[PDB]
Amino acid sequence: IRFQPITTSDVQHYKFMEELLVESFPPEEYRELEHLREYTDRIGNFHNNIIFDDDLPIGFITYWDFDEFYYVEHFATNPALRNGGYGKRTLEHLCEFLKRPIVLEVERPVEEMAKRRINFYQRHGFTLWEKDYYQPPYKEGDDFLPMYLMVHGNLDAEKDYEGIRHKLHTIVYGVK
């Protein structure tokens, strides 16, 4: 498994990422596409990556570099590759590729699928933070989304959460 940074200059790969993104998330759950293009090539601490299994593109992951830690914004593999082991294989190498602490957001365990996602991440070495986190909306006027953060690496919720939340809301979500 291999991660490779991508620009919109990489026509085939970028379109692959973009199709898979739109098919994986509801429209309210990612930024406007024209903007996503802009972040990709314009924003230096924003990283858009295609995931390979050799030379087979199987996924994408986008993340932000915040010097102390990394924030995973979106992460998806190709749904044709279902029940094939790629989720685990990808998460495994993601922790090799990114060595500073890794932060992501998960849905709160209300539905069965939410509960499964959390145990999946916990099985693979992420700690669940029970802080009252909300994802600010991508589109002005859509809802703030109740979520939890999950962390892999040496960050303690008690000491670090407030500073991380603040970094996320202002830089990723453009609050204030």
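One rule holds for the numbers: they count along the sequence shown, beginning at 1.
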Practice item. Quick one: say whether 152-160 or 13-21 has the higher mean Cα B-factor in the deposited entry. Key: 152-160
Practice item. Tell me which of 106-114 and 32-40 has the higher mean C-alpha B-factor in the deposited entry. Key: 32-40
Check your understanding: In terms of the CA temperature factor given in the entry, to which third of its chain does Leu81 belong: lowest, middle or highest?
Key -> highest
Study note, to complete from the structure: Binned into thirds over the chain's modelled residues, the C-alpha B-factor of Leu94 lands in the middle
Point to revise | Assigned third (lowest, middle, highest) for the C-alpha B factor of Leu56 | key: highest
Practice item. Can you work out whether the C-alpha temperature factor of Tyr70 puts it in the lowest, middle or highest third of the chain? Key: lowest
